[PDB]
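K.L.:
Below are the structure tokens for one structure; questions will follow.
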Amino acid sequence: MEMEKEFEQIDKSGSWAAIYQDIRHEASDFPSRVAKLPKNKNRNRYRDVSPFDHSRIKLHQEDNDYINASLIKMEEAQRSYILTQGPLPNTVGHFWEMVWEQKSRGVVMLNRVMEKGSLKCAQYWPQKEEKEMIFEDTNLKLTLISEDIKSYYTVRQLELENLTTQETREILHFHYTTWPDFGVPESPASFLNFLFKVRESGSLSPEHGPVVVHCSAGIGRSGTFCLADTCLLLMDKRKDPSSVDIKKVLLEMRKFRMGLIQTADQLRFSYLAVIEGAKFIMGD
Ligand SMILES: O=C1NCN(c2ccccc2)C12CCNCC2
């Protein structure tokens with residue numbers, strides 16, 4: 001059955017809130033003891049969003065190895081993602097330390113720095129070529145190389161330098177700039193165009209470390225991005241694309257980070273994105 005037929009019954013039955021609540025009830029509960037240590041209170045944006053101990057990313061330092069970030073490892077799809085919060089004023093140096101240590105090629109940003117009149121994450125990359133950023137706590141330098149501004153997203157070329165070894169790497173910044181301040185996009189067309197641009201860059205490919213993906217909390221929009229990507233990859237691999245169960249993929253991803261998909265509207269949008277994206281994957 002085309003995932004869309006099923007989509008239609010849930011709309012007519014008006015059962016989005018119902019299914020969403022079922023996911024919330026069946027989701028994994030694992031300890032997050034490191035996130036809750038008193039020394040880490042200013043490293044968390046939200047008191048109720050923490051990485052599990054078993055899947056957290058560790059910083060390579062003896063002082064304090066903690067960052068609010070999780071490794072999502074999808075065994076059948078052969079994809080890995082790091083999902084993290086938007087960086088705070090005192091964790092911008094930790095953020096770039098993680099990108100360096102994990103060998104990531106790409107950063108995917110799904111929020112604006114200001115939304116709803118409030119700050120949703122630090123200004124953590126340079127806005128002008130000639131004004132580079134230095135992170136003294138982690139010994140990194142970050143330079144803006146080029147910027148390509150389009151109607152629905154911006155792509156930036158960044159140079160990250162490990163000041164300790166003088167090694168450099170090219171990082172690509174994929175910034176989706178048009179998610180609305182309230183609700184979800186009316187059409188998934190621009191979100192799917194954006195996902196295909198990240199894939200075309202090589203950022204999601206096994207020759208690199210995992211992509212780093214964030215929004216403000218790193219669970220809602222960030223969850224929608226990895227759920228859509230993995231479901232479309234599984235539809236490309238399986239003899240029967242109709243066997244891909246989006247609810248079962250989401251519960252597998254929730255073994256690695258709590259709270260992925262924050263609302264019934266984000267769940268419906270994820271279904272729409274996968275249904276509309278499949279009309280490319282299956283030969284069009
Ligand atoms: O009864 C249900 N429980 C959940 N869900 C569902 C979700 C993902 C894959 C298959 C089925 C439905 C059945 C179809 N429409 C109503 C809600």
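Letters A, B, ... go to the chains of the structure tokens in the order shown; residues in each chain start at 1; ligands are counted from 1 in the same order.
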Could you pull out the residues sitting within 8 Å of ligand 1, using only C-alpha atoms and all ligand atoms, and write them as a PyMOL selection string?

P.N.:
chain A and resi 6-7+9-10+13+15-16+18-19+22+245-248

K.L.:
Save the residues we just selected, N, CA and C atoms, as a PDB file, in the first residue's frame?

P.N.:
ATOM      1  N   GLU A   6      -2.928   5.364   3.402  1.00  0.00           N
ATOM      2  CA  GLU A   6      -2.951   5.351   4.892  1.00  0.00           C
ATOM      3  C   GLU A   6      -3.048   6.796   5.403  1.00  0.00           C
ATOM      4  N   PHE A   7      -2.266   7.714   4.825  1.00  0.00           N
ATOM      5  CA  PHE A   7      -2.250   9.155   5.196  1.00  0.00           C
ATOM      6  C   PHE A   7      -3.690   9.682   5.205  1.00  0.00           C
ATOM      7  N   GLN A   9      -6.672   8.148   5.513  1.00  0.00           N
ATOM      8  CA  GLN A   9      -7.599   7.563   6.526  1.00  0.00           C
ATOM      9  C   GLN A   9      -7.413   8.298   7.860  1.00  0.00           C
ATOM     10  N   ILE A  10      -6.173   8.672   8.188  1.00  0.00           N
ATOM     11  CA  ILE A  10      -5.822   9.287   9.503  1.00  0.00           C
ATOM     12  C   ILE A  10      -6.391  10.715   9.523  1.00  0.00           C
ATOM     13  N   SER A  13     -10.317  10.286   9.702  1.00  0.00           N
ATOM     14  CA  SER A  13     -10.617   9.790  11.071  1.00  0.00           C
ATOM     15  C   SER A  13     -10.212  10.844  12.108  1.00  0.00           C
ATOM     16  N   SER A  15      -7.122  11.346  13.444  1.00  0.00           N
ATOM     17  CA  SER A  15      -6.399  10.569  14.487  1.00  0.00           C
ATOM     18  C   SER A  15      -4.906  10.911  14.535  1.00  0.00           C
ATOM     19  N   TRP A  16      -4.509  12.155  14.249  1.00  0.00           N
ATOM     20  CA  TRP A  16      -3.065  12.509  14.367  1.00  0.00           C
ATOM     21  C   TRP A  16      -2.659  12.549  15.852  1.00  0.00           C
ATOM     22  N   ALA A  18      -3.887  11.111  18.410  1.00  0.00           N
ATOM     23  CA  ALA A  18      -4.020   9.750  18.977  1.00  0.00           C
ATOM     24  C   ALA A  18      -2.737   8.956  18.705  1.00  0.00           C
ATOM     25  N   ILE A  19      -2.372   8.783  17.431  1.00  0.00           N
ATOM     26  CA  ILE A  19      -1.169   8.004  17.013  1.00  0.00           C
ATOM     27  C   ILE A  19       0.059   8.621  17.693  1.00  0.00           C
ATOM     28  N   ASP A  22       0.435   7.544  21.172  1.00  0.00           N
ATOM     29  CA  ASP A  22       0.832   6.108  21.198  1.00  0.00           C
ATOM     30  C   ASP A  22       2.365   6.026  21.078  1.00  0.00           C
ATOM     31  N   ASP A 245       7.749   1.238   7.543  1.00  0.00           N
ATOM     32  CA  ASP A 245       6.755   1.675   8.541  1.00  0.00           C
ATOM     33  C   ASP A 245       7.336   2.890   9.288  1.00  0.00           C
ATOM     34  N   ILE A 246       6.841   4.073   9.000  1.00  0.00           N
ATOM     35  CA  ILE A 246       7.482   5.320   9.523  1.00  0.00           C
ATOM     36  C   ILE A 246       7.427   5.351  11.064  1.00  0.00           C
ATOM     37  N   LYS A 247       6.336   4.861  11.652  1.00  0.00           N
ATOM     38  CA  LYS A 247       6.178   4.783  13.125  1.00  0.00           C
ATOM     39  C   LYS A 247       7.264   3.871  13.709  1.00  0.00           C
ATOM     40  N   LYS A 248       7.529   2.720  13.080  1.00  0.00           N
ATOM     41  CA  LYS A 248       8.587   1.813  13.556  1.00  0.00           C
ATOM     42  C   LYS A 248       9.986   2.419  13.368  1.00  0.00           C
TER      43      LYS A 248
END

K.L.:
Stretch 196-260 of chain A: which residues are strand (DSSP E) by DSSP, as a ChimeraX atom specification?

P.N.:
/A:211-214

K.L.:
By how many Å are atom CA of residue A:277 and atom CA of residue A:221 apart?

P.N.:
17.0 Å

K.L.:
May I ask which of the residues A:173, A:131, A:41, A:36 is the closest one to residue A:99, counting only C-alpha atoms?

P.N.:
A:173

K.L.:
Near residue A:129, counting only C-alpha atoms, which residues have an atom at most 9 Å away, once you skip same-chain residues fewer than 3 positions from it, shown as a list in words?

P.N.:
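My list of contacting residues is residues 126, 132, 143, 144, 145 and 146 of chain A.
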
K.L.:
Counting only C-alpha atoms, which residue out of A:255, A:47, A:116, A:279 sits closest to residue A:189?

P.N.:
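Looking only at the distances to residue A:189, the closest residue turns out to be A:279.
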
K.L.:
Looking at only C-alpha atoms, which of A:282, A:211, A:59, A:121 is the one that sits closest to residue A:240?

P.N.:
A:282
